[PDB]
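1. Next one to model:
(chains A, B, C and D, ligands or ions: 16)
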4 protein chains.
Amino acid sequence: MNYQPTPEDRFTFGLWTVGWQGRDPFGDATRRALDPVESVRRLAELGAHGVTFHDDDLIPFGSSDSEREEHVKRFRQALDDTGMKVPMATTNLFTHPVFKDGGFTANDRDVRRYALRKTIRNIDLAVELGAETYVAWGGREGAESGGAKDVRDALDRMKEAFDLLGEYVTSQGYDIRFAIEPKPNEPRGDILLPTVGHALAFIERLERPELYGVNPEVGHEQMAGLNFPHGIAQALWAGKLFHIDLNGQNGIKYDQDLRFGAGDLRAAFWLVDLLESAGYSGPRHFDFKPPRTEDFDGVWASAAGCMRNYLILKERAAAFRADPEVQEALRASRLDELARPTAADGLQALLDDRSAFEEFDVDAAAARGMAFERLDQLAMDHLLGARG
Amino acid sequence: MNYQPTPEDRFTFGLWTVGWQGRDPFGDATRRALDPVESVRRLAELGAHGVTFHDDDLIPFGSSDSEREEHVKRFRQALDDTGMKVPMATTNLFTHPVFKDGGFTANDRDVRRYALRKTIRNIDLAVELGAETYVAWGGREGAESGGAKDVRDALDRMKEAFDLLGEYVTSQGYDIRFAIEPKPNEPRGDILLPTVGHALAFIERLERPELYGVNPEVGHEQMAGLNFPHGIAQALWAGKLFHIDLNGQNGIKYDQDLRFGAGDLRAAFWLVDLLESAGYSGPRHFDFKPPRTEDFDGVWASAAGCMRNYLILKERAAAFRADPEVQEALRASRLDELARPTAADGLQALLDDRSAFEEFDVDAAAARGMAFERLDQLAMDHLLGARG
Amino acid sequence: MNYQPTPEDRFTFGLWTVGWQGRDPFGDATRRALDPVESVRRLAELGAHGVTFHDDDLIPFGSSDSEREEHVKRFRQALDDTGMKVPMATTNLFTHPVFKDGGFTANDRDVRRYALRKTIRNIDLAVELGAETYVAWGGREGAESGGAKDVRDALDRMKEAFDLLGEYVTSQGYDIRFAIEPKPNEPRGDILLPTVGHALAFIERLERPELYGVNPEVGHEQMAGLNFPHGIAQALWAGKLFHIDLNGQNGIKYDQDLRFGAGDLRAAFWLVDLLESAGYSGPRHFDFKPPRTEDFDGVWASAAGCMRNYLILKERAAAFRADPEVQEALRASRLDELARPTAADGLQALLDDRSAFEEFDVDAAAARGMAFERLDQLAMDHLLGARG
Amino acid sequence: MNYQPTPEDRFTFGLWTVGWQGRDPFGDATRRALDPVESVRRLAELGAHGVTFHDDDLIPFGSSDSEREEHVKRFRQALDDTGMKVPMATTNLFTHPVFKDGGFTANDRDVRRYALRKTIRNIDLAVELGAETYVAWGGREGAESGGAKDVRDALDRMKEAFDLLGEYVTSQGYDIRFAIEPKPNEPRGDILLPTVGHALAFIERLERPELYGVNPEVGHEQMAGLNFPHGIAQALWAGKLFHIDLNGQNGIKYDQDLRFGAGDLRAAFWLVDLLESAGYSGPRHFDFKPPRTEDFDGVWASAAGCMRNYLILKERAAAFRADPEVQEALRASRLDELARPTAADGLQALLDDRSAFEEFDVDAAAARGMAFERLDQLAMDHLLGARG
Ligand SMILES: OC[C@@H](O)[C@@H](O)[C@H](O)[C@@H](O)CO
Ligand SMILES: OC[C@@H](O)[C@@H](O)[C@H](O)[C@@H](O)CO
Ligand SMILES: OC[C@@H](O)[C@@H](O)[C@H](O)[C@@H](O)CO
Ligand SMILES: OC[C@@H](O)[C@@H](O)[C@H](O)[C@@H](O)CO
Ligand code: NI
Ligand code: NI
Ligand code: NI
Ligand code: NI
Ligand code: NI
Ligand code: NI
Ligand code: NI
Ligand code: NI
Ligand code: NI
Ligand code: NI
Ligand code: NI
Ligand code: NI
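-> Residues are numbered from 1 along each chain as shown, chains lettered A, B, ... in the order given. Ligands and ions are numbered 1, 2, ... in the order given. Now the structure:
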């Protein structure tokens, strides 16, 4: 009846999303560049809550300290005129040829130091604009060949970089946290910290782990054929879901960055169900690319579609959970038992419990059906709005 | 000239590998069952160091405490007669219908308790036989549909199970460590802790993390299209590579379990180079399946091939690293710089270093070629034994 | 409001689908065997139109000519009592160990001859029961290693087999056509004629091409990451879609055989839209497996779900095409122009047409947006029943 | 001992390969543009036989008929000075924004006509330069969404385009054949005629099928997880392998275009074995991209590596086939029987042959091992130069 977004929904977009000119590895741009100020105004009209940026999206690379000031001021004025917020910022450590072998893990030491300085500079700006999260996507960290990169040394350099950024943030007294964005490949043959799991594990080896979280992207985990909602559940379980990138992907292939809802629709439904059920309160950020076949009217239609699909799925997931028939099916499938401790009675009690082994009727238990197909069809009926 | 394995190479095989009867989802067995005693004798003849087992491989499910004693005694006699060792053992929590929805994370609480008791029983046996590592492969932990499993609750149950096993081991004063074996899918649609990264991250949330490591399998990470050597490098970096399963896999599809060397040959080369360079001293365990097209002579030929390929790759990786031309190429590609700290001088020094940003010549640095293709061709020449 | 199937919908199921006992490569069966007579009765109750079978599903392998007669008679009586039809039949050339290296392309000549005799025998039975289509799924035709199979010779043997079957059918004056079912892998490492394209190309080299078509399966093309609806469109374009296997698959991994609607939901929508738009009049056959987690109530629920999902998607696809707003969007995206000939005026006229090259305004044409995102969102809104 | 290529080896390179500037979807170019004349000279020095080009690689888009003449003349002079040949040419129907929705299958009719005129113009030039094959890679033919393209209409337009090109070639009396290059995806979400199979099937529906063949690329079939050598075997079987694109790819992900030999090494070995065994006499064309990490010395090293790897594999494949031990193993695995007709005796004789069914000992046949693992290890030993 009404799927109109309002800033309360916390939907955000990166400047580079709706601003993508359409240049791909086999073709030239199909759209002219958008001035960040226009993007803010257009996104505000659509019901967006805010925007995000890479340093290089806002301030052209090589800009003087004076041109830099002018670009920030214009942007700040657009934010003030629209009420749009800037909850997240990041660094571009992948476009310029100097980062061809990476930023934080480039083999060249001078490049690694430059990467850190470029990042620190943008952290100051991020804080100025009010960002609460600083994302790091090591797109160029990795290799196409085995001897080019000693991964153990690379991880030492990656840890060193993140520890220094942590030391900087704490010495300046900033209220900002970091979020690592994993991706398995593209543009490098293999990228370091390829999935949410690898990123979470790496974080536990940092000096101040409390300052780091993860920024998973639906399409990235799907490029490894992984179950996105499951990955998000593990991140939440560890208390590390600081931010999230929403989009669509059609299986294992190049990173498509389709609008949210496109790609794996059922996974989108399960993702929304999880985010809403867990009470995730961070931004619902869309990192997508309106296909190069579109003109500007098509880009705004695509962006609007991102928000619309999230809202439709939110309604359907809510109806699913509130349905008494579904609550009954969840009990029939023993989801209630899954939430109860296996042995709150303790180890010794379990060892002495003859009902757990000596007298356990394995055949009777094995004959119990899980009733998962009925439950899944109810989920399907809810998603399609076909409940009879 | 000589690629003959000896027990010093630490090559091991699971009883279920060479003993696989050939039953697959579309066909009946093509080979008769092997008596574990024959397998030990045959493997000892081939130069193997030891064997591994699931409880159910050694003692048929449902066996009485007396039949259990006889099976262990026969096995023990074969080990004594051959000098074969048993460095690792594991539990079968996947074959019996009772584990259709998992063991440690089954929705049914009584099944979870049974899973733990079955495991504890085999841990005692493992220690008796001298195993240093106890592997856990949660093959049935997961789902085919989204509502069937609440992943956060499932992870709570998985943690609970592993913590209890840790409490047991420490209360008995055993000298045994655990290793979690990840797998992304099959037999479940999606399996919990799908990759080495997810497993490493989970371990950091256990009560006694020092007791747990990972047991990665080449084919499993490859089923997610991940770079196995990179994953192993991260495990070593974290000091968690307790054991390893070697085999072959041809890309993203069902788990093939080809003999080691088959599948991705170059990845096999890089894996061996890494294991030997890092000084991994654990067993080189083969978890493979001789294809159902083979008779018994073909199974022993396949097992022998596993060891032969490891030894050939070991020689080639050693020649590669010792080659002065390669050492020169490694420096040309700046691998030496990758190993040097980015900023041992500290944060403040980096911030004040004008050569790192203000006066950094980005164009000059960007113009430096990495020389990675030459290095990779030298690696190729070494692998193929074609160095001119 | 009403998604109840009736025999008019032409929904069919293989005996081996609802009859799958749940045995997978890592576990024993979780359900007892179903008597084909019970399956027919249960499927008739659900609204099914008919069933299909492999010879070995109906007559246990090794059965005497007398036991064979009894099995057929019982089955025939169930068909008569329910009004169920048998539109398709096939041969099991994959379960028995003798077919470990294939049937029609086994390296052993005696096995190939046996494969043909086994097939011919079942063709006679198929005709007797009224089947119009005879499917061939060469599940064991292929290899795990490169030297094991010379593919050119294998294709010669595959052609030889199919030509002989064609000669048999025509000499007996039967009214039956063949349909080749492609699959890229599993149970073999690589299967011959891996996709719909390969199968269509092979057919054009047979002696009587008019007798052969294809029987694509949604999950099989998806195991190669291919777009199923596109593949079906090519089959229809060539006039070769004789039959179709419907199910669900979650990307590139083992063949899941989920119920139809599960897996890639959007692809299911586009498939139904295409089948209904093209006027496909053959059976809507479900080749799926109710997950081993289910008891018998779960299998019937899963089968019912197959039909329900098809009917829901059919309604949504129909609403999409009938929507004036959609018809308007289709014109805005120039689908009408795609259907008009590029050069009905002829080659010479095109060469002399200056508006086609010399005076063609490429920049103006390039600036036209395709309006594909708006069209796709309308499709999404229709699928979810969210049209405002 | 000597892997130096000479023009007799027929190795060719596209101008766009060694000339790739390194621009990818996330970064700017890392190398300056190469003048085609320099590329010809450098490639001739390396032992190459010839080069190939897209119209737009040789003549900048938008060039006047006079600038066009100058570019061709300079190129012609470089060919004369080096003795380099031009065996293949193709059209660029993917870079310019006008082709954003395709060339031959664009929804806009005026674009389709323009695509044909652009192609015809380059065919004339190709003939002038002596090309025997004209390749067509429909990189933009396809879609990202289901409603954007009616595939049946698209195939009608694709057929119409190719038929017109055939009519043109025959009316001009040219001695040139066409080769369709399939690719499953990238840059479009899904590309029409996604694999070698689909392309072969489509060709059989053209007016003059004898004029069309296929130009498969190793990395493209691998992006669908298909077995390249198997696909090539089917193309040869149909007498349609007119040309071939050689490169390397690491599984299912974006198109990497690694140098030949890199990626799947074993598949490269089996490919060379097949091409040399079948007597393929066309060019060995490399369609690869030297990684953006390299400077110009790295690009020439990468190109040289393509040829070197082919020559090493050629030697190893030859040694494998000539090895008496291997010839013996091939007979043990019954490859000789695979080449013998299944029933040269005819249908009736087969039906009356009791040894084929009634008296066939299935158990005895089933017990015969295929000896495939031994054969494969011999292949492995040969590839690695480790034959004892
Ligand atoms: O694949 C590109 C990646 O998703 C990128 O867009 C990051 O999200 C961004 O650079 C960090 O915010
Ligand atoms: O895919 C099967 C898995 O690899 C299994 O064989 C484990 O390795 C074993 O159960 C634990 O040791
Ligand atoms: O992957 C199994 C395949 O789908 C099989 O079930 C065929 O459809 C059947 O044997 C022919 O009808
Ligand atoms: O993926 C790009 C494709 O391989 C292209 O390079 C073609 O080969 C060429 O355009 C035709 O010759
Ligand atoms: Ni992304
Ligand atoms: Ni992405
Ligand atoms: Ni992102
Ligand atoms: Ni395994
Ligand atoms: Ni495995
Ligand atoms: Ni394993
Ligand atoms: Ni199937
Ligand atoms: Ni299937
Ligand atoms: Ni099927
Ligand atoms: Ni290509
Ligand atoms: Ni390519
Ligand atoms: Ni190509």
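2. CA atoms for contacts and neighbours, from now on please.
-> Noted.
3. The helix or strand encompassing residue A:119 and chain B, are they touching?
-> Per DSSP states H and E: residue A:119 is located in helix A:109-128. Yes. Helix A:109-128 comes into contact with chain B (CA under 8 Å from any CA of the partner chain), by way of A:109-114, A:117-118.
4. Convert the helix or strand just after that helix to PDB, retaining C-alpha atoms only.
-> Using DSSP H and E, the next helix or strand after helix A:109-128 towards the C-terminus is strand A:133-136. Output of strand A:133-136 as PDB, limited to C-alpha atoms (Å, rounded to 0.1, in the frame of the first residue of the first chain):
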ATOM      1  CA  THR A 133      32.300   4.600  10.600                       C
ATOM      2  CA  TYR A 134      35.400   4.500   8.400                       C
ATOM      3  CA  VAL A 135      35.400   1.700   5.900                       C
ATOM      4  CA  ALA A 136      38.500   0.000   4.400                       C
END
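5. How about residue A:351: what's its closest non-neighbour residue?
-> Distance criterion CA to CA, 6 or more residues apart in numbering or on different chains; nearest residue to residue A:351, sequence neighbours excluded, is residue B:117 at 7.1 Å.
6. next one: residue A:288
-> Using CA to CA, 6+ apart, the nearest residue to residue A:288 is residue A:257, at 4.4 Å.
7. My guess is the one you found contacts residue A:289. True?
-> Yes. Using CA atoms under 8 Å, residue A:257 is in contact with residue A:289, at 5.4 Å.
8. For the residue in chain A that ligand 4 sits nearest to, give its distance to ligand 1.
-> With CA to the nearest ligand atom as the measure, residue A:26 is the residue of chain A nearest to ligand 4, at 8.0 Å. Distance, residue A:26 to ligand 1, by CA to the nearest ligand atom, to the nearest Å: 17 Å.
9. again with residue A:163
-> 19 Å.
10. can you tell me the helix or strand for that residue?
-> With DSSP H and E as the test, residue A:163 turns up in helix A:151-172.
11. show me what contacts residue A:290?
-> Residues near residue A:290 by CA atoms under 8 Å, 6 or more residues apart in numbering or on different chains: A:17-18, A:20, A:258-259, A:298-299, A:302-303, C:373.
12. Residues in contact with stretch A:295-314: which ones?
-> For stretch A:295-314, the external contacting residues (CA under 8 Å, 6+ apart) are A:3-5, A:11, A:18, A:30-31, A:42, A:46, A:247, A:259-261, A:268-269, A:272-273, A:276, A:286, A:290-291, A:383, C:367-374, C:377, C:386.
13. next one: stretch A:166-177
-> A:120, A:127, A:131-134, A:208, A:211-213, B:347.
14. Which residue ranges of the stretch 251-388 of chain A form strands?
-> Taking DSSP state E, counting those that start in this stretch, the strands of the stretch 251-388 of chain A run over residues A:284-286.
15. right, I mislabeled it, should have said the stretch 1-150 of chain A
-> A:11-14, A:50-54, A:85-90, A:133-136, A:142-143.
16. for the residues of helix A:109-128 next to chain B, which one is nearest residue B:317?
-> For the residues of helix A:109-128 next to chain B, the minimum distance to residue B:317 (CA to CA) is 27.0 Å, reached by residue A:109.
17. Would you mind listing what in the stretch 1-150 of chain A touches chain B?
-> By the rule CA under 8 Å from any CA, the part of the stretch 1-150 of chain A lying against chain B is A:97-101, A:105-114, A:117-118, A:145-150.
18. 6 Å instead?
-> A:97-98, A:107, A:109, A:113-114, A:148 (CA under 6 Å from any CA of the partner chain).
19. mind giving me TSV with those and columns for neighbour count and distance to residue D:159?
-> Output for those, formatted as TSV (neighbours: other CA atoms under 10 Å in any protein chain shown; distance: CA to CA, whole Å):
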residue	neighbour count	distance to residue D:159
A:97	24	43
A:98	26	46
A:107	26	51
A:109	23	56
A:113	25	56
A:114	27	54
A:148	21	46
